[PDB]
């Protein structure tokens, strides 16, 4: 047996659970039976990404014929889906590419998590993370602020639930402090959400960019790292349910520097930086600078969401801001919130 504060123990038991990992993939229509997760290799994943590209190639060239059909078959073979008896859908839209990209991303973290769950077990894992998780003093000013930011930036559009801050752990990933690069302006504390089973991979490898094999059009603003100034915008990525009532969302410092403001999506946005250090999807609603506060050197956009005045002259107007940096060194994980979702029914 071994010891770590009970909170850190709870947290690990939550994100290390192999069952939940299985559950998550199944819930994503992934065939764990015909393709056991325990046998999933990093090479297989890279294979899937390439199949998608080929599919993106067809969609790109308007080839919705045999060319496409063969590409999907290849991919569905590479990444087995469980549709029961139903006939698999022929991927032929960007939105769907985007979903399959998120599936491969999850598999990538499952691969990582398992390759890590191999001297008390939890204590052993905590080490393998090379990431410090010190529980936070629920009386600290940090806590009060994290809580205020969390609630004050819960977007109106997301009322199908409520959030109760169970606990907060301060994160300290090896090497981020040093590499962070404090020279850039717009140093913000932003949200980032993800499913439970993803957290082991995020903690050990940190948040990272999409692979070069991946289809570019499966990324709203290119292969970068995404953040939001609205707690709920991110919490939706937890895909927590009434049974999976507990989820985790991360809060980290992002050196935005000069932002290249964009009204609408663009997978190729990274190319348009030309000096600016990040892309900003201009949302129709966001915190007001007048309500900003500073915490340990980073600006906290907590002010209740207000109208920004942005309005696409012809087209869809993004609801909330979208932030993207294309280099890990522009990110430094700080706090990891343990949240309990209270749905309505």
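Numbering follows the first chain given and starts at 1.
What does the record say about the segment between residue 118 and residue 119: how many deposited residues are without coordinates (none, 1 to 3, 4 to 9, 10 or more)? The entry has a gap there, with 4 to 9 residues left out between residue 118 and residue 119.
Higher-B stretch (mean Cα B-factor, as the entry records it), 153-161 or 183-191: Higher mean C-alpha B-factor in the PDB entry: 153-161.
Between the two ranges 328-336 and 11-19, the one averaging a larger CA B factor in the entry: Mean CA B-factor is higher for 11-19.
Among the candidates 96, 253, 137, 229, give the one with the maximum CA B-factor reported in the record. If I rank 96, 253, 137, 229 by C-alpha B-factor, first place goes to 137.
What's the residue among 90, 101, 122, 265 with the greatest CA temperature factor in the PDB record? In this record, 122 carries the highest C-alpha B-factor of the candidates.
Within this chain, which third does the Cα B-factor at residue 48 fall in: lowest, middle or highest? Tercile = middle for this residue's CA B-factor.
Based on the entry's values, in what third of the chain does the Cα temperature factor of residue 74 lie: lowest, middle or highest? Its C-alpha B-factor, which the entry lists for residue 74, ranks in the middle third among residues of this chain.
Ranked by Cα temperature factor within the chain, is residue 284 in the lowest third, the middle third or the highest third? Middle third, going by the recorded CA B-factors of the chain.
Residue 314 - Cα temperature factor, lowest/middle/highest third of chain: Middle third of the chain for residue 314's C-alpha B-factor.
Chain third (lowest, middle, highest) by recorded CA B-factor, residue given as residue 141: Residue 141: CA B-factor falls in the highest third of its chain.
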